[PDB]
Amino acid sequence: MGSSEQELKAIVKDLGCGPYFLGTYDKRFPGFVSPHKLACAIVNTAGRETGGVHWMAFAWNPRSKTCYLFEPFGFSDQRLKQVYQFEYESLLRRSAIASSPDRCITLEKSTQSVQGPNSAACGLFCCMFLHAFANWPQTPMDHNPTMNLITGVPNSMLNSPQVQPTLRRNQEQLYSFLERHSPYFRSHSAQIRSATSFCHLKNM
């Protein structure tokens, strides 16, 4: 809906990921059946019946046979299972089986947070990473023009009133990056920012 509708597609499209974008999915995403092309997808932690709770990105580099998992909070698999009841165990298996000769795969997932605890900007952070992936499929997590704009923070420090200013800045940079490269974002700024604000989910 407002906090990133399934129109991360429009933005993803604007960012030039079109030739690699499989689309938006819910927890049921099967995996990658693409042993020859770069593919990427924005997956939700929940089933469509629920409406969606957390957006995350998956990317596949057949050349290096590595699968990228970018979930904005950098949560451990243990905490992913707990907080969101999500597991990407079957999709990895499928992906190795369907896309790799030796049925092996290297998983590379972020271990740091770039998003604030009360922020509803997850879907947007995924689009920014997919831009990084499309342009630098060998080093998308860091060390590239796009991701150098934001700073990762050890997950244990997510709620620390100390790194909060780094996390709000990250989001300022997010918004401006989309502003620069996305006609759709530009023509929808007020709506998107307000729908995905840094403090959007703060308790009252």
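Throughout, we count residues from 1 along the sequence that is shown. Here, rigid core means the biggest group of C-alpha atoms that superpose within 1.5 Å across both forms.
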- Taking C-alpha RMS after core alignment, which stretch differs more from the shown form in 5 other deposited structures of this protein: 5 to 13, or 20 to 28? 5 to 13
- Compare 157 to 165 with 143 to 151 and report which one shows the larger root mean square C-alpha deviation from this form in 5 other deposited structures of this protein once the rigid core is superposed. 157 to 165
- Task: With reference to the PDB entry, specify whether the mean Cα temperature factor is higher for 138 to 146 or for 47 to 55.
- Result: 47 to 55
- Query: For the C-alpha atoms alone, is the average B factor greater in 159 to 167 or in 173 to 181, going by the entry?
  - Reply: 159 to 167
- Item | Peak C-alpha temperature factor (PDB record), options 110, 106, 90, 119 | 90
- Task: Ordered by C-alpha B-factor within the chain, which third holds residue 154? Give me lowest, middle or highest, please.
- Result: lowest
- Task: Please place residue 86 in the lowest, middle or highest third of its chain by C-alpha B factor as given in the entry.
- Result: highest
- Message: Ranking every modelled residue in this chain by its Cα temperature factor as given in the entry, which third contains residue 96?
- Response: middle
